[PDB]
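Raw contents of model26.txt, compact mmCIF, C-alpha atoms:
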# COMPACT_ATOMS: atom_id res chain seq x y z
CA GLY A 1 115.98 51.69 113.46
CA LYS A 2 118.71 49.53 111.93
CA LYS A 3 117.15 46.88 114.17
CA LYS A 4 116.80 44.79 111.00
CA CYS A 5 120.35 45.06 109.69
CA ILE A 6 123.56 46.48 111.15
CA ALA A 7 124.71 49.68 112.86
CA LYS A 8 128.19 49.85 111.33
CA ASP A 9 126.55 51.79 108.51
CA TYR A 10 129.71 51.59 106.41
CA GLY A 11 133.00 49.68 106.43
CA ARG A 12 133.21 46.12 107.75
CA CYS A 13 130.51 44.35 105.75
CA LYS A 14 129.77 40.81 104.58
CA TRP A 15 127.09 39.71 102.12
CA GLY A 16 127.16 36.30 103.78
CA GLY A 17 127.65 37.80 107.23
CA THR A 18 127.40 41.21 108.89
CA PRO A 19 124.76 42.83 106.59
CA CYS A 20 125.06 46.38 105.26
CA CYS A 21 121.97 48.56 105.66
CA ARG A 22 123.44 51.49 103.73
CA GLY A 23 126.14 51.10 101.08
CA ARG A 24 125.86 47.75 99.31
CA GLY A 25 129.32 48.30 97.82
CA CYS A 26 130.80 45.50 99.92
CA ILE A 27 134.07 44.44 98.32
CA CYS A 28 137.12 42.67 99.72
CA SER A 29 140.81 42.67 98.82
CA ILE A 30 142.46 39.97 96.71
CA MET A 31 142.95 37.92 99.88
CA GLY A 32 139.34 38.42 100.95
CA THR A 33 139.68 40.04 104.38
CA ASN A 34 139.37 43.79 103.86
CA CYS A 35 135.62 43.62 103.25
CA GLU A 36 134.48 47.25 103.44
CA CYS A 37 131.08 48.74 102.63
CA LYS A 38 131.28 51.60 100.13
CA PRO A 39 128.40 53.82 98.84
CA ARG A 40 129.66 53.47 95.27
CA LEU A 41 127.97 50.76 93.21
CA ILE A 42 129.61 48.22 90.90
CA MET A 43 129.83 50.69 88.01
CA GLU A 44 133.32 52.15 88.35
CA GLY A 45 132.16 55.00 86.12
CA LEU A 46 128.74 55.23 84.48
CA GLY A 47 127.63 51.98 82.88
CA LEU A 48 130.60 50.13 81.42
CA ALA A 49 130.72 47.13 83.75
Just give me the structure of the file as structure tokens.
Amino acid sequence: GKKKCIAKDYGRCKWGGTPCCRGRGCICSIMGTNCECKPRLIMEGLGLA
């Protein structure tokens, strides 16, 4: 029961810190502070990246 990851589910997430059970889309702003967990993957479309 999330007892192996986090409870935030989405939003504040850090690959090197606060894990992200659901939504691996953990990206931060240019400054690297607005690290939010999004459900969307790396592909900003279909499979171009």
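The interatomic distance for the pair CA of residue 36 (chain A) and CA of residue 11 (chain A) works out to 4.1 Å.
Comparing A:13, A:48, A:41, A:2 by their smallest distance to residue 26 (chain A), the closest is A:13 (using all atoms listed in the file).
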- Message: As an exercise, work out the distance from CA of residue 4 (chain A) to CA of residue 20 (chain A) in Å and give it to one decimal place.
- Response: 10.2 Å
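With only C-alpha atoms as the basis for measurement, A:22 is the residue among A:22, A:46, A:34, A:40 that approaches residue 10 (chain A) most closely.
Nearest to residue 28 (chain A) of all the residues A:14, A:47, A:9, A:1 is A:14, counting all atoms listed in the file.
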- Who sits within 7 Å of residue 24 (chain A), all atoms listed in the file, same chain under 6 positions skipped, as an NGL selection string: :A and (37-39)
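The shortest atom-to-atom distance to residue 7 (chain A), with only C-alpha atoms taken into account, belongs to A:19 out of A:45, A:19, A:32, A:25.
Atom to atom, CA of residue 35 (chain A) and CA of residue 16 (chain A) stand 11.2 Å apart.
Nearest to residue 3 (chain A) of all the residues A:44, A:33, A:21, A:15 is A:21, counting only C-alpha atoms.
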Could you complete region 18-34 of chain A so that it carries N, CA, C and O atoms, and give it back as a JSON list (two decimals), keeping the file's coordinate frame?
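Result file is out.json:
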[["chain", "number", "residue", "atom", "x", "y", "z"],
["A", 18, "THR", "N", 127.83, 39.89, 108.45],
["A", 18, "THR", "CA", 127.40, 41.21, 108.89],
["A", 18, "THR", "C", 126.76, 41.99, 107.73],
["A", 18, "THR", "O", 127.47, 42.50, 106.86],
["A", 19, "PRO", "N", 125.45, 42.10, 107.69],
["A", 19, "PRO", "CA", 124.76, 42.83, 106.59],
["A", 19, "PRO", "C", 125.33, 44.23, 106.38],
["A", 19, "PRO", "O", 126.36, 44.59, 106.94],
["A", 20, "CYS", "N", 124.63, 45.02, 105.56],
["A", 20, "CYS", "CA", 125.06, 46.38, 105.26],
["A", 20, "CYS", "C", 123.86, 47.25, 104.89],
["A", 20, "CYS", "O", 123.60, 47.47, 103.71],
["A", 21, "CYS", "N", 123.14, 47.72, 105.90],
["A", 21, "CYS", "CA", 121.97, 48.56, 105.66],
["A", 21, "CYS", "C", 122.22, 49.54, 104.52],
["A", 21, "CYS", "O", 121.63, 49.42, 103.45],
["A", 22, "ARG", "N", 123.12, 50.49, 104.75],
["A", 22, "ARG", "CA", 123.44, 51.49, 103.73],
["A", 22, "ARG", "C", 124.80, 51.17, 103.10],
["A", 22, "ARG", "O", 125.73, 50.77, 103.79],
["A", 23, "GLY", "N", 124.89, 51.37, 101.79],
["A", 23, "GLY", "CA", 126.14, 51.10, 101.08],
["A", 23, "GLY", "C", 126.30, 49.61, 100.81],
["A", 23, "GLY", "O", 126.89, 48.88, 101.61],
["A", 24, "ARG", "N", 125.77, 49.16, 99.68],
["A", 24, "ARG", "CA", 125.86, 47.75, 99.31],
["A", 24, "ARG", "C", 127.22, 47.44, 98.68],
["A", 24, "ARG", "O", 127.54, 46.28, 98.43],
["A", 25, "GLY", "N", 128.00, 48.48, 98.43],
["A", 25, "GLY", "CA", 129.32, 48.30, 97.82],
["A", 25, "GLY", "C", 130.26, 47.57, 98.77],
["A", 25, "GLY", "O", 131.23, 48.14, 99.26],
["A", 26, "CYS", "N", 129.96, 46.30, 99.03],
["A", 26, "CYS", "CA", 130.80, 45.50, 99.92],
["A", 26, "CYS", "C", 131.78, 44.67, 99.12],
["A", 26, "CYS", "O", 131.42, 43.63, 98.56],
["A", 27, "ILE", "N", 133.02, 45.14, 99.06],
["A", 27, "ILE", "CA", 134.07, 44.44, 98.32],
["A", 27, "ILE", "C", 135.25, 44.14, 99.23],
["A", 27, "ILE", "O", 135.51, 44.88, 100.18],
["A", 28, "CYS", "N", 135.96, 43.07, 98.93],
["A", 28, "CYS", "CA", 137.12, 42.67, 99.72],
["A", 28, "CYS", "C", 138.38, 42.65, 98.86],
["A", 28, "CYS", "O", 138.31, 42.59, 97.64],
["A", 29, "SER", "N", 139.53, 42.69, 99.52],
["A", 29, "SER", "CA", 140.81, 42.67, 98.82],
["A", 29, "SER", "C", 141.00, 41.35, 98.08],
["A", 29, "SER", "O", 140.11, 40.49, 98.09],
["A", 30, "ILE", "N", 142.16, 41.19, 97.45],
["A", 30, "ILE", "CA", 142.46, 39.97, 96.71],
["A", 30, "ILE", "C", 142.49, 38.76, 97.65],
["A", 30, "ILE", "O", 142.17, 37.64, 97.25],
["A", 31, "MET", "N", 142.88, 38.99, 98.90],
["A", 31, "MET", "CA", 142.95, 37.92, 99.88],
["A", 31, "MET", "C", 141.57, 37.61, 100.45],
["A", 31, "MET", "O", 141.31, 36.49, 100.89],
["A", 32, "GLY", "N", 140.69, 38.60, 100.44],
["A", 32, "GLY", "CA", 139.34, 38.42, 100.95],
["A", 32, "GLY", "C", 139.31, 38.58, 102.47],
["A", 32, "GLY", "O", 138.97, 37.64, 103.19],
["A", 33, "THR", "N", 139.67, 39.77, 102.94],
["A", 33, "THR", "CA", 139.68, 40.04, 104.38],
["A", 33, "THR", "C", 139.32, 41.49, 104.66],
["A", 33, "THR", "O", 138.76, 41.82, 105.70],
["A", 34, "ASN", "N", 139.66, 42.37, 103.71],
["A", 34, "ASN", "CA", 139.37, 43.79, 103.86],
["A", 34, "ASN", "C", 138.00, 44.12, 103.28],
["A", 34, "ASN", "O", 137.86, 45.01, 102.44]]
